[PDB]
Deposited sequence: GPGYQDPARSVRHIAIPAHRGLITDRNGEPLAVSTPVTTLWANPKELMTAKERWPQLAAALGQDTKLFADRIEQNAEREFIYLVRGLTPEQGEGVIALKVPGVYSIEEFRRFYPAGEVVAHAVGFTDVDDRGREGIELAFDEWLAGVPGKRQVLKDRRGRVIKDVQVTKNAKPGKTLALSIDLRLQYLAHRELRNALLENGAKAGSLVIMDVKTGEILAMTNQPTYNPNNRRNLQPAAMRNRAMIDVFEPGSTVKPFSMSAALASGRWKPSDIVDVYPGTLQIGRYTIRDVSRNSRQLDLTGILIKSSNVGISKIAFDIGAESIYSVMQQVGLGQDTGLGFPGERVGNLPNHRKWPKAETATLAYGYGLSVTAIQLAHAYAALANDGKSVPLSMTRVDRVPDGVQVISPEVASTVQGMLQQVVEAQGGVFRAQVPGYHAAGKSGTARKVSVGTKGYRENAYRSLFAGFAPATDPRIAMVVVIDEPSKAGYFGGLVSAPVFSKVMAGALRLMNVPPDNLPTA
């Protein structure tokens, strides 16, 4: 066994602050007191063990067995993450081989409100979920290194040289607006209670900048206290759960219809008697007392038959192209851990059955983020701005995916879906014109944007297994109203 040893050892770096877009702290690295021991030194001071064990709330015998078992180690932890005053009280004992150190632990000041977005670090302050993992290299910084001389029992008797100072991690400003985040969190929670639903998501996006202003899910968890958390509660459902968007994609089917040269909003489709047979398969409407409907009526009534007949006429290829160009079934580029791409199925040739099902959003799988990004493109006069969960100062060039005239026309149809007789009146936003589309899948969807005249915000509300299909619209109304007021958006109604 050696009389001495030398070791280059790490100087830990301070992990970068995560903030919201206005500098509100979301993840902060705080100094904690850690008590450790050198067993080889402890072994010389056995009469001190019971007082030390007692000061660590350990049974004397369990503690003594642990030191005896680790007799040839030179390091063990006693307890991590104390108060300065707490460790002081144990160092006050002056037990040979017992040492306090100040290390870094994450605190999450908004806790459950932004847990799924921010994620969290492990005991070693390494990113393990969410933004913490996705931007770990950015946030982590670079350990320093220093040389120590140790005696026969491995205690440090000299600091020899620092070869490298630690470099702190970098601040990261998310796209999240904490004020919008708290409003969405509260309103989604209250909606689940009032509707006896057990899960849900709500996304708010800036249609001009591609920024995710809010992303909240239920259930959630306190990242400051992860004791015995149900794994369901840690799911960022908005990014990692896929669902069938159903009626919510009909505005993309209509976009292809209006681009085709073959359809204007005043054109009529006969949907009588509210069913349509396709070989063995029958398309069924929810309401079945219509004959002639104009294209705006097809959206207000959300006629499956009506959108199917339009799709037969223009062809599935036109609709598939719009859906792909607005990002359905496509990588968002966000690199969020576990983020899903979902599924926009293709065919070399589209028979009638597959054509219809595409047109009314059956057999597709999207995330709430993808559906919000699609609505954002439609709201932004047909131009898709790339998504960001970090603050955007320099907005990248968007891609024109729907002609501005067609997008403008579809916006107007979606304003009627909210505002017109027979429409989703509970999605109406006080002081503003709003636009959007419901969907019903045991699952309630609402997607939309406001103000309808000069749109600023897209929003998706998803409510899982309510206990009564239109539980999502009033949530859109409340959260859109609050978000537009917080953003000083001038009323347009």
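* Asked: Which ranges of the deposited chain go unmodelled, in order along the sequence?
  -> Unmodelled stretches, in sequence order: 1-5, 447-460, 488-492, 518-521.
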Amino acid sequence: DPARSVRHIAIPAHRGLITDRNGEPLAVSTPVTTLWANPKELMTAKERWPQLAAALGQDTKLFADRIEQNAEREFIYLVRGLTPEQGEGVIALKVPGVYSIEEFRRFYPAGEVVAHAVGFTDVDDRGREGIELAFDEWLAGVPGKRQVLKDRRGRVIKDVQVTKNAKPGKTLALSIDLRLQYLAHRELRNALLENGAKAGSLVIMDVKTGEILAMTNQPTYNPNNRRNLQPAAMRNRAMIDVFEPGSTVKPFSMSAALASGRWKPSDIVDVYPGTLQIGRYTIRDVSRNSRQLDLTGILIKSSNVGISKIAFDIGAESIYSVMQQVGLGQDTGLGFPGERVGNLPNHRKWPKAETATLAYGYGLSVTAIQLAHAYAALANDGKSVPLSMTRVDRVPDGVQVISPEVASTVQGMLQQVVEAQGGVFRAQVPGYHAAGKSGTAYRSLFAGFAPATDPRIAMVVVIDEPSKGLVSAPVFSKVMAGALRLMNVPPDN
From here on, numbers count along this sequence of modelled residues.
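The term rigid core refers to the most C-alpha atoms you can superpose between the two forms while keeping them within 1.5 Å.
* Which of 239-247 and 95-103 lies farther from this form in 7 other deposited structures of this protein, as RMS of C-alpha positions after a rigid core fit -> Looking at 239-247 versus 95-103 in 7 other deposited structures of this protein, the farther one turns out to be 95-103.
* Which of 129-137 and 162-170 lies farther from this form in 7 other deposited structures of this protein, as RMS of C-alpha positions after a rigid core fit -> When 129-137 and 162-170 are compared in 7 other deposited structures of this protein, 162-170 lies farther out.
* Going by the B-factors listed in the PDB entry, is the mean over the C-alpha atoms higher for 7-15 or for 481-489? -> The stretch with the larger average C-alpha B-factor is 7-15.
* For the C-alpha atoms alone, is the average B factor greater in 162-170 or in 392-400, going by the entry? -> Per the deposited B-factors, the answer is 162-170.
* Asked: Looking at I91, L293, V341, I369, which has the highest CA B-factor as recorded?
  -> Of the candidates given, the C-alpha B-factor peaks at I91.
* To do: Just grab whichever of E102, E187, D270, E419 has the top CA B-factor as deposited.
  => Across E102, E187, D270, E419, the entry lists the biggest C-alpha B-factor for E102.
* How does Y442 rank on Cα B-factor within its chain, lowest, middle or highest third? -> Ranked within chain, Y442 CA B lands in the highest tercile.
* Chain-relative CA temperature factor third for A458 -> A458: CA B-factor falls in the lowest third of its chain.
* Could you tell me which third, lowest, middle or highest, the C-alpha B-factor of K46 occupies within its chain? => It falls in the bottom third of the chain.
* Select lowest, middle or highest to describe the third in which the CA B-factor of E194 falls within its chain in this entry. => Its C-alpha B-factor belongs to the highest third of this chain's values.
* If you rank the chain by CA B-factor, which third does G361 end up in: lowest, middle or highest? -> It falls in the bottom third of the chain.
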